[PDB]
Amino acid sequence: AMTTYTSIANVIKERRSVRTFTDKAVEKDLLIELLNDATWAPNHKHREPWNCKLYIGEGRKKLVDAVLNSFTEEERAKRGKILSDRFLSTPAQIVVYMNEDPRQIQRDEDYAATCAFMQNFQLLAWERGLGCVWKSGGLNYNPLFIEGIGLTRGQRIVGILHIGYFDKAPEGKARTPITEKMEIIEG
């Protein structure tokens, strides 16, 4: 019996966005376990701004219905079936949202915290062999989709995480050395 002492550096660097999943079953209790660990994200004044909708199994069709009903007839003709088939061969979706504070600093802080929570989650999931992609784009800003999944105005969708077990890790893309993006002032 050997316990492993993996540097979190390894997880951070090995994590990949995964967009295609095996038909292996993702346990709900595992996702809840991971999300609970993710809640240890920094968050100003302990506002804990993050909230979630988890769509799994038959429920995923409800999300799909909200997605499709939000498209113009042209988008829908283009991506409807494609996207429906994709969502339905993805074990879980997690819509991550927050109440939008009318004030810049508090909203930015909340959004920062909500992104830290999602990144935590992605790291936590990678560790157990779960892949995921953090989705954005115009769908998340579409008032038709937002009402369609039961959110009110002034609730912001930070991301939709698509999650499941996967066959092969996608390849990485080399990062720019931080020294090209930084000034050092030892002046």
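The first residue of the shown sequence is 1; numbering continues from there.
Higher mean CA temperature factor between 114 to 122 and 22 to 30: 22 to 30, per the PDB entry.
Ranked within its chain, residue 140 lands in the lowest third, by CA B factor from the PDB record. For residue 70, the recorded CA temperature factor ranks within the lowest third of the chain's modelled residues.
In this PDB entry, residue 155 carries a Cα temperature factor that places it within the middle third of its chain's modelled residues.
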